[PDB]
């Protein structure tokens, strides 16, 4: 089962999930759909901002020069380090070439961007790919909770006889179990 996990900045929610799934034997890639990489700063209206071409290590190094203390306190240096061990930089979903069975997005804005982008690529094959959203807040705790919920979802999907015939049913069960809503659509290659 080939999964893509997609967030806005490809720093927190998608990488936490990237990490869990990958360690649990899934074939997983991660992306962000945002215009730029955003990272918390010394106040909620003062985030740090980067291009998607910027490396995790460059960010870390930048942040360590700015306020070593603060960026240790808020777990961000640890996050960047963890990210670096996965891959060298954040990836834009819009620049990816790859095929998935299942694409999970971490908020509705992101889901809209994933759908908008796939709906504007010319289909050559008409193979479907399933796109599912779960809203996960952009902090470490929720990111981690969200990764495990995603892991459980994928593990479930791996245990069904017929993904396409059962997936809506699974999602409604997950809705009942978590009280979180799961939007779901298909796009086409």
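Numbering follows the first chain given and starts at 1.
In this entry, 38 to 46 has the higher mean Cα B-factor, the comparison being between 38 to 46 and 136 to 144.
Stretch comparison (110 to 118 versus 73 to 81) by mean CA B-factor in the PDB entry places 73 to 81 on top. In the deposited coordinates, the residue among 127, 160, 27, 33 with the greatest CA B-factor is 160. When the CA B factors of the chain's modelled residues are split into thirds, the value for residue 94 lands in the middle one. Residue 169: CA B factor in the middle third of modelled residues in this chain (values from the PDB entry). Split the chain's modelled residues into thirds by C-alpha temperature factor. Residue 131 is in the lowest one.
The deposited CA B-factor of residue 181 belongs to the middle third of values across its chain.
Residue 150 sits in the lowest third of its chain by CA B factor, as recorded in the PDB entry.
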